[PDB]
Each structure stands twice: as structure tokens, then as C-alpha cells.
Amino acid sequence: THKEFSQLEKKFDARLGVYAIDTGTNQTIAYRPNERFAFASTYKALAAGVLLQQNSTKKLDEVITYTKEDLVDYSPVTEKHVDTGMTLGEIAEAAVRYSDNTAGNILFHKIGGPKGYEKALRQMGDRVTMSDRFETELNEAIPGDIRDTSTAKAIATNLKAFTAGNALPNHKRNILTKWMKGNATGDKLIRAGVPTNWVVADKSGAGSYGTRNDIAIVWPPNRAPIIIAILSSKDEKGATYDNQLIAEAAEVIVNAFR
């Protein structure tokens, strides 16, 4: 219920946005669904989706080279393969699995920069998402700043299109969801809030002003998938987020869809 979401905001001293879609019943759950939050690393799953839209699977095998000049921070994978390169597909995988920022930037470049990413989303009917900056400055999350923001409803709708809709053919959907499964960056968020026998493919987000997000497609054992977007932020630039907000918001969603 909305009462539960509201209490969570107060419990954790945070602003919360939620949109969820049970694709089995087309039933939805919403909480501040059209309010803007910095999307932070959650764009990586969607941009990987755009990459898949615009490239053959064979194209993912191409080697991309880059140098120490190209590295930004939060890049554990790319900093390791600097100089000798990685495949395009390995790049997308790094962004999605390790939230690798340099990988995110290379992904951006491959689909035409933040504005190429925005354009592809516009083409899918998303007129809400604003993508303006590369990593790592897109995580700035200044209150009232529309740059690099979206809403739980817009993000969730995009994710549904990519992972359980017609934005990708089935084989490419499968590559995307595989990339999104089994990643540690997801452990304290949606995955922590749903039963252990559910399968969770997610992409996490963390930014300034205590921005803490998670989006996912999840499968209860005997059901069609549920698409979830949960975004959050705080008043102070240097605020510390609490993963439990996200996990508990997810339990609320599970219970509502029981």
C-alpha cells in the first residue's frame, strides 16, 4: 500500500519513487511515479538494451581499444584491460555487471552519446528521460536539476519494453537479462527484498545527494515476470543511503502482488 511506502520515506529520511508492473495481470503499483530522480548507473541496463537494438550479435565480438587517457573512476574491469582492449559485448557486460563507468562511457559513445541514448528512448515513446552527461559527472544529482534524470514510471516502462516487451527480439532480450543476473551490486537491493526462490535480474544505481536506485525484472517461480523500478534520494549532498529502504520497498511490492 501507499501507507507503507510513505512510512518507509519517514523511516529512512528519504524521498522514494516506485513503479512496478506485474506482466501476468498487467496490474501496476505506483508511488511518486512521475517525480524526477537522478538515474545514476541504472541507465547502463537500458543503454545496453539500445546497443542491442542497434547492433547484430556478431558486432558484440568486435574488439574496442582505449588508453589510460580514457579511464574515469569506478572502472574496475576496464582499468584492467586498458590498452589491449575488450569486445563490445564485454564492455556492455562490464557496465551492467560491475557498474563500470568507463564501460558506461564507451557504451554511451557507441549509441551516440547521452543525447543519442535520449533519442533512442524518445523513439520508444519516452519523452521524460533527460540524458546529458557522461560518467562520472552524471551522478551529481543536484536537487531541481533535470540533467540525467528520469522517473520510476518512465524507467520501468523502458525496462519492460527491453526485457519483457517488443523493444528487443527474444535472443537479444536473453543476452540483456543474462548480463543483469547474478551480480553482487544487486545483493542488498531488490534481491534482498524478495523471496530467495525468485529470480532477480537488476541494475543498481548510486549517486550524490544519497541517490540510491534499483531496477529489475524478477520472476516468481510459478509466474510471469514483474518489472520494478525503485528510485530514492535525500536532502544532503553528502548523505549516506540505506539499502534497506530499497529492500523494504521491494517487500511491499511483493506483498501487494501476492
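Residue numbers run from 1 along the displayed sequence.
- Looking at mean Cα B-factors across 102 to 110 and 162 to 170, the upper value is held by 162 to 170.
- The question of which stretch, 215 to 223 or 33 to 41, has the higher mean Cα B factor is settled in favour of 215 to 223.
- When the C-alpha B-factors of 188, 81, 97, 147 are read from the PDB record, the largest value belongs to 81.
- The PDB entry assigns residue 123 a C-alpha temperature factor belonging to the highest third of its chain's modelled residues.
- When the modelled residues of the chain are ordered by their C-alpha B factor, residue 85 lands in the highest third.
- Ranked against the other modelled residues of its chain, the C-alpha B-factor of residue 175 as given in the entry falls in the middle third.
- Ranked by Cα temperature factor within the chain, residue 200 sits in the middle third according to the deposited record.
- When the modelled residues of the chain are ordered by C-alpha B-factor, residue 194 sits in the highest third.
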